[PDB]
């Protein structure tokens, strides 16, 4: 339960995910989000810092999970898409789970080289 | 005059310089700083945002210039050191100009790869942990016979310094064998693994590629060269020969201060470089985060953001009796310079245990050297040779 | 004190240095010079053979130190500049120390290969004979469009100076095409062949090997980089890329004087370097034999013994109206820096014929600029912009 | 944690390296790390930057005279 | 009294100014003439700051260092003894404050 | 350099000027309070240098007499220490006349 600290502001350099979560009956909204931020990774742990709900839809809530910077390899999309959602889609305590967004920092975007050609170079 | 906007906060991602400026008579402090931030570069312009003065010194003022992020090339120290101070040292409107500091952002530090080996990575092949190192400078056979008996006293390595290249009396090939044949006869007979640091300097680099492929074939330890009479361009062809081999890490009023030269040299590479302000950059090569100490030359604040450290080299001279003065100041993670070599290891190893008892090694340093004479005859000779010079004139 | 034998003539084959020394108070002139010749090297020792003083200046004396021939490695400038002044600048017994001169022997000059191209060899692909040259410094397309219209006024080349590397707004590849596509549209439309001098500076050298193999594939003229933030080691991997290609020749109180830095740089390589004493090294880069001129900084005598010359670059600034002052001083064999570019070629070409008539171009220089306005409207504008400032206060 | 007690042991090191006690501070390490957190907070001339060093400055300061020196910053 | 202490101090001052000579002497010959660096500790045992007693022993060998020891003292006694009135008073303000607190 | 020297000289003679402080108190208390002089003589032998940092140890056990030692840094440091400029250089000229004579004593022995 040190994987849910809402008393925390995610830093300028953190990697920062969202999740449109839907749990089983009776499962609280605060333990399904600690069932996501902890079983992704393993000061080296993600922490669900916010728990915002969704109005007028089937019982969803928006989980804001904040992984550190150093947790990942510079310039890799396979690592980022696998160390985050490796075995987190495989729970039975959730009815559904989607990954709506990722914030990459400024510090981690410019490790990558990107598209070779752009709106100018084409 | 759009190069001086003090109504501006430099961003989280800006590149950010300082300058200890001194102008000609009558030249204002606000136009000399726009004479720096504009003639460096050319939304694409640096802007001197602050103009702070210096108390009790010859008319200096501290100019804080803020270049954008995109102005520069990712991973280059030659570009950063040249697009900033290209033709800015060449004015006659200034009496002097120094470059005291640079803040790199977090976003631009981790473009670089850095030193190949750190405070952690150095201890793999180097068999020394938690205690600093030792190493002393040295025909062709007779030259090999002398390093044959310096490492046999405790020296963790030795130094082929003072510029020994292939002369007609002592060629380059016949120096490598006789200080490789002199390691194989002191590794097993002393119980530790030692190197002999050897120059790779050649006229070409194709010859320098043969003075570093012959050295470590699989033959030989971690073996270095310089940065002067060479560049951040010359030592990039061979500091990235450590990206295959792990073999070359030691780097041996009006200027650029060394802490700018030390940011340029960690980020380039190398594991222990040669050199409040003496404590200043040695808390930049070794630390992770440094908060702004204006009385230390550390005028900025930048976390290093998880990148390998780099140790320091003792730079005062011969130090045989003045051993516990270095152990506190450079700490654990540094490097220092056969009877005359066995006195070196004993005085080093003794103090470190008298620190860990809790004895104040600053106010007690000489008596720890004196108690280590009663089981070591080579420290019986040295303490009488050095200086007890005092004044009790109160 | 066997490092000071004034009873000795330095041989025909010795290496032979000078030093403009300034000691601390009370330090004699005869022990500071033995503090130089001994701590440089270590029959294998340099010997200060002469101790001549300097008249009417702050207590200097000229120390003549003579190292043997065999002490050094054949063909290396890094060794010569490092085994001589390694730890000799680091004394506290001297207030200052400069290195004014070096005599290389005849026997050691012709170990070196030298500049690849000379006063003869430069005129092969460069289509300019018997008259000096011209060249001015300059997004990515809009950057290519500007050199597209500087060479169309008479500029023999242009300069990608002030440190333009690949930034996120202007990459390295998309700058080469648009100033190669801008040469193919000014070679035929002006009747001459022009280059655009481009930087090759990279972080690594493996990237620098791609910024110089892409430039001249067979694409492109003779294209250069620097010596600072780089070495005689960094620019040896690419000055010997001119040993295949002929493509990079322009090099762009207490010190080392430039004439030592100029002996180091002819012998390294390059065809025209950037910079009584202004006349001094420009009679070392260009001459064959120079006799001893103590009032010119030329303290020694060494024939260059048949090795390729190297020209000079104008180093005073913008010079549009001050054209005939440069033509006499640097002579024929030198290099100088679209309406604003057509005024440059006209003022250069005019003076050269008024020299060959016999008119004294020193005492007549401005009137030759004035008669060239009556057929050129771009020199009608420039002469009014520059300075007629005088004093007739007799 | 490890790295915060790293620097607290550094801050008590320099506070005890001194031959002189500075103004308003005593021998306790709560005064040591609140002396550096005030000595390095004089240099800001801005209000919303120094409170990063004032919340930590009000986290350690042991004697009441060492509490007043932190209160001058506000 | 009040006057003889000022000549009493001036005799002690002159001694310490000769110290800064010999530390400047010793820090320079350490690399220039190292044969003349380990023999300067034959004459400076217990009291370094002597002026002529070592020279009376150095006449029977080479005495030339003394005339350099007395020309080091020139540039410091002409540039500290004039600036002395504020340089000693400024440290009084420190040692007034540190003891009052 | 020289500012390295001059700042070192600023503390050395200061500690010497705080000794003539303590000696003026020493002769003073041999006449007023001979018990207080015999106890001040007991602490004086303890071989403790650094006169500025010596008076601080006095405030530890005796915070009162350490003010009278400090008192004459305004009062006796004006009749001893501003007289130093005309009383150094005069002695240097004397040493230029005392020791130059013995270059002649050897020369007469060489004569």
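No value in this document is a laboratory result; all are computed from the given coordinates. Every residue, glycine as well, gets a Cβ built from its backbone with ideal geometry; the counts of neighbours run over all protein chains shown.
Using a Förster distance of 60 angstrom, determine the FRET efficiency expected from the C-beta separation of residue C:210 and residue B:318, and round it to 0.05.
Rounded to the nearest 0.05, the efficiency is 0.80.
Calculate how steeply helix F:3-29 sits against the longest principal axis of the alpha-carbon atoms of chain F, using the helix alpha-carbon long axis, and give the answer as 0 to 90 degrees to the nearest 10.
Here the helix axis deviates by roughly 50 degrees.
Per residue, what volume in Å³ does the convex hull of the Cα atoms of chain F enclose?
Given the Cα convex hull of chain F, per-residue volume reads 183 Å³.
Using only the alpha carbons of chain B, determine the length spanned along each of the three principal axes and report them from longest to shortest in whole angstroms.
Computed over the Cα atoms, the extents are 70, 65, 38 Å.
Please report the relative contact order for chain F, taking Cα pairs under 8 Å with a sequence separation of at least 6, and give it as a percent rounded to a whole number.
Relative contact order for chain F comes out at 28 percent.
For chain D, modelled as a Gaussian network with Cα springs under 10 Å, which listed residue fluctuates most, D:55, D:34, D:11?
D:55
Classify chain D: rounded, prolate or oblate, from the alpha-carbon gyration tensor (a ≥ b ≥ c, eigenvalue square roots; a/c under 1.5 rounded; otherwise prolate if a/b is larger than b/c)?
It comes out oblate by the Cα gyration axes.
For the pair residue C:342/residue A:1, report the inter-label distance in nm, with labels modelled 7 Å from Cα in the Cβ direction.
Result for the modelled spin labels: 8.6 nm.
Does the protein assembly as shown come out rounded, prolate or oblate by the C-alpha gyration tensor, with a ≥ b ≥ c the root eigenvalues, rounded set by a/c under 1.5 and, if not, prolate when a/b is larger than b/c and oblate if not?
Oblate shape, in that a/c is at least 1.5 and b/c is the bigger or equal ratio.
Would you mind checking the tilt of helix F:34-44 against the longest principal axis of the Cα atoms of chain F, expressed as 0 to 90 degrees and rounded to 10?
Here the helix axis deviates by roughly 60 degrees.
For residue C:292 and residue C:113, what does the FRET efficiency come to when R0 = 35 Å and r is the distance between their Cβ atoms, rounded to the nearest 0.05?
Numbers: r = 27 Å, r/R0 = 0.78.
My answer for the efficiency is 0.80.
Work out the mean other chain Cβ neighbour count within 10 Å for the residues of E:52-60 and drop it here as an integer.
2
Specify the inter-centroid distance of the stretch C:154-193 and the stretch F:4-40, based on alpha-carbon positions, in whole Å.
About 80 Å separates the Cα centre of the stretch C:154-193 from the one of the stretch F:4-40.
GNM, chain F, Cα, under 10 Å: largest mean-square fluctuation among F:14, F:94, F:62?
Of F:14, F:94, F:62, the Gaussian network model singles out F:94 as fluctuating most.
Roughly how tilted is helix F:101-110, in degrees to the nearest 10 and between 0 and 90, from the longest Cα axis of chain F?
The two axes meet at around 40 degrees.
Using a 10 Å cut-off around each Cβ of peptide C:193-203, what is the average number of partner chain Cβ atoms that fall inside?
3
Looking at the square roots a ≥ b ≥ c of the eigenvalues of the Cα gyration tensor of the stretch C:101-247, which shape do they give, rounded for a/c under 1.5, prolate if a/b is larger than b/c, or oblate?
oblate
Just to verify a number: FRET efficiency for residue B:283 and residue A:52, C-beta to C-beta distance, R0 = 51 Å, to 0.05? List each step's numbers first, then the result.
Numbers: r = 42 Å, r/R0 = 0.83.
Computed FRET efficiency for residue B:283 and residue A:52 comes out at 0.75.
Report the residue, chosen from F:88, F:72, F:48, that carries the largest GNM mean-square fluctuation when chain F is represented by alpha-carbon nodes joined by springs under 10 Å.
Between F:88, F:72, F:48, it is F:88 that shows the largest mean-square fluctuation.
Please give the average number of partner chain Cβ atoms lying within 10 Å of the Cβ of each residue in F:13-23, rounded to a whole number.
Across the residues of F:13-23, the mean count of other-chain Cβ atoms within 10 Å is 5.
When the Cα centres of the stretch E:48-101 and the stretch A:1-33 are compared, how far apart do they sit, in Å?
What the calculation gives is 72 Å, centre to centre.
Of the peptides C:140-148, A:76-84, C:127-135, how do they stack up when ordered by the mean number of other Cβ atoms within 10 Å, highest first?
Ranked by mean Cβ neighbours within 10 Å, highest first: C:140-148, C:127-135, A:76-84.
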